[PDB]
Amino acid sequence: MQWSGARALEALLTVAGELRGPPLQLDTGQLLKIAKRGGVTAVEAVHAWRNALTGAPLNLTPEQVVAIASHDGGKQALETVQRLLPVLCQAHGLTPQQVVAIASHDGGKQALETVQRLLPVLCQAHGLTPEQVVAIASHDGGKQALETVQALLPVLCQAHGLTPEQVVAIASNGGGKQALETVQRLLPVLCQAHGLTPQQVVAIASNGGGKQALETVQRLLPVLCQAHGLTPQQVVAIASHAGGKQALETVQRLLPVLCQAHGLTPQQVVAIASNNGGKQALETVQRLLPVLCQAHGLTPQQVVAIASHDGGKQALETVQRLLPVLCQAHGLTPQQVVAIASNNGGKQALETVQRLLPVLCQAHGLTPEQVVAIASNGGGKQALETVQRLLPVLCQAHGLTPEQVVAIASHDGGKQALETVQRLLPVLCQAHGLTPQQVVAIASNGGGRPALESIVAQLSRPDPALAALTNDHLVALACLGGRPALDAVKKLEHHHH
């Protein structure tokens, strides 16, 4: 390993080799993930207690052991999981998955030990739910956030008017301690001195690095409104993503350069700046906006639409590289390439449309225009890669037409909807009498997976809001508004009927 000892790197490669054996049966990716973030002592820990973790009263899966191990301090997390999982599960209600989610962060040990110590008082003195305490705990520095919720949730509720839900939302990010103390320190000035509402201070504080975003809003909002012409509402939208501090500083530096030298509106720079990596997006359009309207290329409108998503930098740089070979050796129009790239993870969708247009048409019989409709949604790579795995079993075994698989894959969260259809098509049809036509219709929207799960939960275990919504009304509800429609129906019955 590192320079200190020697050539018993062999002892470590042997330890890594035995983890490929049983009871964990780890592959290369998994060993690589552990060594890149938990280090050698995490690898050594997994190996030392791979039997204890896999049996005894923990019964962890290898993916579960790999999630706990693959963080700074992983060996402490694995040690502590073995000591605390049972009492957290049995004495406090939490599931194993929830204990693993608390454990799967840097400092995992501290978080688990603190939930043990603080979950009761947080629930009893402050009225939080187990669920909320897990969400506070499940981030790096979760010990600190938990202790800070316990000290400040009273003052933030009383003196500053927030709800617990709100405090929990500021608390449920890495550096949630920092965000929560900054909210206490700056909330009144941000409202009183810059005309913000508590809700906006909250939205700015509710992401990681929220401390930084709030200090930066205090600092640059004046210069950005009073000297660059922006509104308070616009500044807040820039500030309301993690990295907001970077997005605001970059707006200030590039706003006049982009509005004079390249001809964009302020309102368009605001839209590029208002995503995660806004700083990265802005710089990358400031390069690249000359060359992307060259050879003809694209409009400005289309550069802004591609940049206006998380990872905007990545989509532009990828679009700029692959628009030539996509238009020329696969037959796509730029209007199609920009449509692939104008979602979250546009980069990922383009690279998968690269090496799957050929393959999806050949080994599965799809047209190009189908492969484009799949990849023209957020999570393109996931939908395409999962159409490739699951089309065979969905048509042949479960009876579906390919055009039906493609209707389900052609929405954000496609892979979730497909993997749910497969899991839940049998129990929906044969045990509850829904047609495949109806299941496909619920699956064919945003929120296909939750809509299918909620419908099966309502049917399998007749929930409280009962009877009058027959099986066809529930399907009409699941189609119209997904899980939200289904839950609103439940919630409205509970007090009215």
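Residue numbers run from 1 along the displayed sequence.
Between the stretches 340 to 348 and 97 to 105, it is 340 to 348 that shows the larger average CA temperature factor. The mean C-alpha temperature factor is higher for 456 to 464 when 456 to 464 and 53 to 61 are set side by side.
Across 418, 361, 152, 375, the entry's maximum B-factor at the CA atom is seen for 361. The maximum CA B-factor among the listed residues 314, 274, 354, 114, taken from the PDB record, is found at 354. Residue 369: CA B factor in the highest third of modelled residues in this chain (values from the PDB entry). Ranked against the other modelled residues of its chain, the C-alpha B-factor of residue 246 as given in the entry falls in the lowest third. For residue 200, the recorded CA temperature factor ranks within the middle third of the chain's modelled residues. Per the PDB record, residue ranking by Cα B-factor puts residue 40 in the lowest third of the chain.
Residue-level temperature factors show residue 334 in the highest third of its chain, judged at the C-alpha atom.
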